[PDB]
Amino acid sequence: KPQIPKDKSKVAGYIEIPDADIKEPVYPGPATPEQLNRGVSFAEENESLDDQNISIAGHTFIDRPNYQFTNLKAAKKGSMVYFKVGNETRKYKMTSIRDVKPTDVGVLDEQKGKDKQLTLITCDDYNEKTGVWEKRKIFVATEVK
């Protein structure tokens, strides 16, 4: 059974989006500037691998076209996404809900028996006063089969 290290400095898994040339170690959340400085990280601190929707955040840095989630937009509908943890490789396919601002959809873990999914979030301009990344783009991938 998967587990997210309590130690924020330890890699929890790997997220990969081949069509975007993304292969990144994933660290425990929440996705604060420090965590994203270590690497891509789960968006929330209480994130759990058994949830219907797992959220992972990454930086968007123009100075580096291929840094973390900067090139994520390169991945279109159908693109394979791999989420690897100690005991398993989960496979998902990018849906049409990609590269969209949260002000266009807005959804959380609100899912009864809906298929498992991953929400990849590009982040920029963190606001310390509110604990939120002002600039965000959402990408939703649903598990295969």
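Residue positions are given as counts along the sequence shown, with the first one as 1.
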property	result
46-54 set against 89-97, stretch whose average Cα temperature factor tops the other in the entry	46-54
Residue stretch of maximal mean CA temperature factor, 73-81 vs 26-34	73-81
Chain-wide C-alpha B factor ranking for residue 119, given as lowest, middle or highest third	middle
B-factor third for the C-alpha atom of residue 140 within its chain	lowest
CA B-factor placement of residue 134, once the chain's modelled residues are sorted into thirds	highest
CA B-factor placement of residue 60, once the chain's modelled residues are sorted into thirds	highest
Position of residue 41 among the chain's modelled residues by C-alpha B-factor, lowest, middle or highest third	middle
